[PDB]
Every structure is written in structure tokens, then in C-alpha cells.
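Residue numbers (the UniProt record's numbering), protein chains in the order written: chain A, 102 to 151; chain B, 1 to 51.
Here is the structure:
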């Protein structure tokens, strides 16, 4: 049914148009930490806690 | 506009009129589609003794 079919009287028939889309992507920030006291690394059982 | 409406299907070409029509409307390939001999598997296994 939809086949492009021409005749001898070639004219404004079978017009086609094209489309252009787009794809996005963002950037997000993360992070975490932890706190310690000098009284937790000075007199503590382990020497290499840090 | 002097078209070439399909003469094979019946529509006479626009130039032609009354009783003229197109005359060469198909190219004949001058090479027939022929078949070959069906093979034999029992005739060879036969000696011939003359009579």
C-alpha cells in the first residue's frame, strides 16, 4: 500500500521527511567522611588505626 | 501531455489514435527454457547379446 510509486507525469508525489532526536546525561556529586579525636589515635590499642 | 499509457494493459499510447496502437510492446528473450534428460540407473547395467 505505502510503496513509493511513480507515474509518467512525474510531480509532487512521495514526499518524505526526517527527524533528529537527542539524548542527555547529567553529573552528580557524592561524598562522605568520618571524624576522630587525638585522644582516639594517641592512646589507642592499635598503632596504625589511621 | 503526450504520455505513454500502458499499451499492453489496453490503454493506447497517447500519440497513437484510431486503429494504430503500439506494435513492439515486449522484448523476446531468444533463449528457450529447456529441460534435460532424466537420469538412468538401470539401462547401463545391461550387456547386449546380438540376435
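Note that beta-carbon positions come from the ideal geometry of N, C-alpha and C, so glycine has one too.
- Counting only the Cα atoms, residue 36 (chain B) lies some 30 Å from residue 49 (chain B).
- Per DSSP, reduced to three states, the secondary structure at residue 142 (chain A) is helical.
- The DSSP assignment places no complete run of the beta strand (DSSP E) inside the stretch 17-41 of chain B (cut-off: 3 residues).
- Leaving aside the five residues that flank residue 4 (chain B) on each side, the residues in its chain whose CB is nearer than 6 Å to its CB run, in chain order, 13.
- With a contact defined as Cβ atoms closer than 8 Å, residue 142 (chain A) and residue 151 (chain A) qualify at about 6 Å.
- Taken atom to atom, the span from the alpha-carbon of residue 116 (chain A) to that of residue 7 (chain B) is near 29 Å.
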